[PDB]
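**Q** Line order of the protein sequences matches chains A and A'. A prime marks a further copy of an entry chain.
Just so you know, the first sequence maps onto residues 35 to 361 in the authors' numbering.
Just so you know, the second sequence maps onto residues 35 to 361 in the authors' numbering.
In this text, a Cβ means the ideal position worked out from N, Cα and C, and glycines have one as well.
Below you will find the structure I want to go over with you.
Protein chains: 2
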Amino acid sequence: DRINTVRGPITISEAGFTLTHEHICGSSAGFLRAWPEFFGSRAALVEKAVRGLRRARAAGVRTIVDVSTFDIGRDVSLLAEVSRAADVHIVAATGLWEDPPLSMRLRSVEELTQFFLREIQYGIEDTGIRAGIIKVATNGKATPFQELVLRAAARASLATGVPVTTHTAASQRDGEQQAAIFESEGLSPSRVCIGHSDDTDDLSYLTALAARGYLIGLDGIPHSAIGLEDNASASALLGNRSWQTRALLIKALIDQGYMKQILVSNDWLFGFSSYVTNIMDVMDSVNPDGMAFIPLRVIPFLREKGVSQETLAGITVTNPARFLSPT
Amino acid sequence: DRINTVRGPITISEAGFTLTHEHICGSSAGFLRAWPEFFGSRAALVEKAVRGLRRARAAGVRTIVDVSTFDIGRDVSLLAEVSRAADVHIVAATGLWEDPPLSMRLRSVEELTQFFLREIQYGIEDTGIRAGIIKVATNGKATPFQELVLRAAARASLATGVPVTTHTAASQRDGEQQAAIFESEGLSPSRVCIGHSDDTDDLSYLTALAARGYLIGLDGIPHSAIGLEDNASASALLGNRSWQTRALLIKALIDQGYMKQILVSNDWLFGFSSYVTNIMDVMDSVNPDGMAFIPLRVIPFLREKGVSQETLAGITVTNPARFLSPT
Ligand SMILES: *[C@H]1CC[C@](C)(CC)CC1
Ligand SMILES: *[C@H]1CC[C@](C)(CC)CC1
Ligand SMILES: [Zn+2]
Ligand SMILES: [Zn+2]
Ligand SMILES: [Zn+2]
Ligand SMILES: [Zn+2]
C-alpha cells in the first residue's frame, strides 16, 4: 500500500503522473564525491536538477523513478535534496547496471541477493533511504555475472514485491533472455519492465514480451541524433530514429491491446559523466524540455494521432502505480 | 621538506621505517559505504586494521604507504581513523588502478591530470587530505586508457614532485612500456617505482629498469600459495614462488649495486573485496604476521644471508624517505 521514495513512504495515489526511467545524474560510484568539479560543482548540478524537475512538475509530473544503481553513481542524498527542493517524488533503485566494479563482479547470486535486499529492506548506505525498484542490465547475450545479477534481482523481488526494470540492447532482443532467466527463478512477468524497448522497431519482439505479461519500457523517446551533424559519439548513443518514430510505438502497443503494459519515460539526466565530455550539453540542445518532454510533446503528439486522453492517463498514472506498488 | 599523510604533513625524519606498498582495504569505489557487512562491519574492519598496524609498529614500522586509488575504494577517512588509533603514519594515493569505472575511462589525459592534481594539491573528496603518491597500473600491454593514465601521472608528478608507483604484470615486462611512456612525458625515473617486481625472476628485466634509474618495488614478499592445497584462486593470485625466493631478489639487487633503488613491502591488506570471498582468511593463514612480515621475517632472513644491518636500514628508512620527499 506504500511506495518507498527518497523522502519516505508515499501512498499509491500520491505518485500521480510518474516517469518510470530517469536519472538525476548518470555517473559512477564515488565519482561525484571525488570529482564534483567535473559537473562544474555539486551545487551547480543540484540547481540544474531542481530547475529541470520544477519545469517537469509544472508540466504535470509528480514522481520520477531514478533508475541509477550503485554503479551509475546513485547518490540518494543528492536525490533527496533535489526531491525536497522541487516537490517531485523520487523513487530510488538498487541493482546493478553495465559497469559493476570487481567487488561486485566477483560475488555470488546469494551475495548479490543480500546486497539488493539490503538496499530495499534496510537502507542505502547509512541514509535509511530504501529502494523502490531493482535495475539490471545486459548489452547482448548476458555475461556470466549478468546472469547472476538477473537471478538475484528476481530473488530480491520475490522476497519484497518490489519490481524489476531492465536495460537492454533492444535490437539484439535481450529481453528474451532476460525473461527466460527471470522466469527460471519464478518471477512473475507483471513485476518486470523490459526497458529501452523503444530502441527497436521489431514488433515481433515487443509483442512476444508483452504477450507473456511483461511491461514494456518505451523510455528514451527524446533520444535522437537526427539533425546533429557529424557527431559520431552522439549518433552512437542516441541513434538516428526520430522521437516521433519512438513515440509511435506507444500507439502501436495500444492498438495491439497492451495499453496496461506500457511505461513511458525520457531517460533524461542532469549530469552525465559516464560518456564523452559535454554530452549533456549536446543532449540538452536536442531536447531543451528535458524530463518535461513526455508531457509537453509526446502526449499532445499521441492525442493528435488519435490516442484518447483517458488511455494516456492510464499509461502515465495507472500503470506506474500498479508497477511500483509492492506485490 | 614535508610528506603529506592522512593526518597532515610530516617531516622526512618522522617517516622512519616505511612500507611503501600496502593497503588498509582492497575494495572498489563506494563499496565499503554501500555494503559494510561484506567485511562483517566497518567497525570490525577498523579494529582488524588497528590491531595489525599496532603489531607492525611494535616490529619497527613507523609509516605505511597505502597505494589504494579511487578504484581500489580508498577511504581516506578510514585511513585517518586507523592511523590515529595505531600511531602509524599513512600516506594516501591518487591515480588509477586496473578497475576504473566509465566516468574515469572516458576521460582525456588533461582531465585525468586535473583529477590527480586535485587529490595531491587540494584534497581527496571533501576531507582536505592530500595524496603523497600517484598509483598507476598495467597488466600486459597498456590499454589506450592506461596510456593516458600513465601520462597524466607523469604530468601530475612533474607539477608537484610527488612520486609515481606502479602495478605491473612483471612476467610480461610491463615496466619497460611504463618507463617508455613516463620518459616520453619527461618524468625522471628517480620519481618512479616499478612495482610487483618481485613477481618475476628475470634479472635482465629488473636491471634494465634499475640501470635507467627506476626504483624497484619488491613489494609482495609474503605472497605465496606454496602449501595451499587445491586452491586455484589463491594460486592464481599469490603464485607458487616462495617468500624466500622473492626476498632473495632484494639481495640480488644489492649485489648488483642497486641498494639505493630497492623498495620493500608486503602488499598486505586488512579487507579484500575485489577478489574471491574469504581470500583475506586464506591470506591471513599464509602470513599471520601481516604487515609485520617484512621486519619480523624478511630482515632477519637477509641478515642471515649476509646482508648488513646498515644496508637494510638504508633500504627501509633512507630509500622511502628519498622517494616520498617531493622533488
Ligand atoms: C483512448 C481510448 C481508447 C483507445 C481509442 C483504444 C481503443 C486509445 C485511446
Ligand atoms: C650491508 C653492507 C654492505 C653490503 C655487504 C654490500 C657490500 C650489503 C650489506
Ligand atoms: Zn540503460
Ligand atoms: Zn537510464
Ligand atoms: Zn597491484
Ligand atoms: Zn597493492
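Could you check whether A126/A and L113/A sit closer than 7 Å to each other, using their CB atoms as the reference points?
**A** yes
**Q** How many whole angstroms separate the CB atoms of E219/A' and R185/A', which I take to be in contact at a CB cut-off of 8 Å?
**A** Taking a contact as a CB-CB distance under 8 Å, the pair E219/A' and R185/A' counts as one, their CB atoms being some 5 Å apart.
**Q** Hey, how far is the Cα of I44/A from the Cα of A268/A?
**A** 37 Å
**Q** Round the Cβ separation of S191/A' and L146/A' to the nearest angstrom and send it over; I've been treating them as touching at under 8 Å.
**A** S191/A' to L146/A', Cβ: 13 Å. No contact.
**Q** What's the gap between the Cα of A92/A' and the Cα of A203/A?
**A** Computed Cα separation, rounded: 56 Å.
**Q** So who's on the other strand from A127/A', going by DSSP bridges?
**A** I167/A'
**Q** Closer than 6 Å to a non-hydrogen atom of ligand 1 - does that hold for the CB of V40/A?
**A** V40/A Cβ: outside cutoff for every heavy atom of ligand 1.
**Q** Quick check on the DSSP output: what are the complete alpha helix (DSSP H) runs of length 4 or more inside the region 204–235 of chain A', in order along the chain?
**A** List check, alpha helix (DSSP H) in window: 208–218.
**Q** Could you check what DSSP says for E344/A in three-state terms: helix, strand or coil?
**A** helix
**Q** Checking 7 Å against the spacing of the C-beta atoms, do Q211/A' and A244/A' come in under that value?
**A** Contact check for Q211/A' against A244/A' fails: the beta carbons are separated by 7 Å or more.
**Q** When you compare only the Cα positions, how much space is there between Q180/A' and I124/A'?
**A** Taking the straight line from one Cα to the other gives about 26 Å.
**Q** May I have the straight-line CA-CA distance separating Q148/A from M138/A, to the nearest angstrom?
**A** 12 Å
**Q** Can you give me the Cβ contacts of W277/A' inside the same chain, cut-off strictly under 7 Å, excluding the 5 residues immediately before and after it?
**A** If we look at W277/A' and ignore the five residues flanking it on each side, its Cβ neighbours are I255, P256, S258.
**Q** Given a threshold of 16 other Cβ atoms within 10 Å of its Cβ, counted over all protein chains shown, does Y239/A qualify as buried or as exposed?
**A** buried
**Q** Looking only at C-alpha atoms, which of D35/A, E56/A, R41/A sits nearest to residue 1/A?
**A** This structure does not reach residue 1/A, given that chain A is present from 35 up to 361, and the question cannot be answered.
**Q** Output needed in chain order: residues of the region 149–166 of chain A with a Cβ under 9 Å from some Cβ in chain A'.
**A** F149, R152, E153, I158, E159, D160
**Q** Suppose contacts are defined by Cβ-Cβ distances below 7 Å. Is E115/A' in contact with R67/A by that definition?
**A** no
**Q** Against chain A, which members of the region 89–109 of chain A' pass a CB distance test of less than 8 Å?
**A** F104, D105, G107
**Q** Return the CA-CA distance between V40/A and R41/A', expressed in angstroms with no decimal places.
**A** Those two C-alpha atoms are separated by around 35 Å.
**Q** If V122/A' and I168/A' are in contact, beta carbons under 8 Å, what's the gap, nearest whole angstrom?
**A** Their Cβ separation, rounded to whole angstroms, is 22 Å, which puts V122/A' and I168/A' out of contact at 8 Å.
**Q** Can you name the residues of chain A' whose CB is closer than 7 Å to the CB of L136/A?
**A** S62, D133, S308
**Q** Give the secondary structure of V40/A' by DSSP, where H, G and I count as helix, E and B as strand, and everything else as coil.
**A** Of the three classes helix, strand and coil, the one that applies to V40/A' here is coil, per DSSP.
**Q** Hey, which unbroken runs of the beta strand (DSSP E) at 3 residues or more fall wholly within the region 228–313 of chain A'?
**A** 249–252, 296–298
**Q** State yes or no: is the C-beta of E338/A' nearer than 6 Å to some heavy atom of ligand 2?
**A** no
**Q** From the DSSP output, read off the bridge partner residues of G60/A'.
**A** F306/A'.
**Q** Just the C-alpha distance for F357/A and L283/A, rounded to the nearest angstrom, thanks.
**A** 20 Å
**Q** Distance, Cα to Cα, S142/A vs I106/A'?
**A** 20 Å
**Q** Tell me the rounded alpha-carbon separation between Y248/A and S205/A.
**A** When rounded, the separation of the alpha-carbon atoms in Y248/A and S205/A is 17 Å.
**Q** Note the first and the last residue of the continuous beta strand (DSSP E) segment covering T147/A'.
**A** No beta strand (DSSP E) contains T147/A', which is instead part of the alpha helix (DSSP H) from 143–151.
**Q** Measuring straight from C-alpha to C-alpha, what distance separates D289/A and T345/A?
**A** 11 Å
**Q** What's the call for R118/A, buried or exposed, on a 16-neighbour Cβ count within 10 Å?
**A** exposed
**Q** Closer than 7 Å by beta-carbon distance: list the chain A' residues that pair up with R189/A, in chain order.
**A** What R189/A touches in chain A': nothing, since even the nearest Cβ is about 17 Å away.
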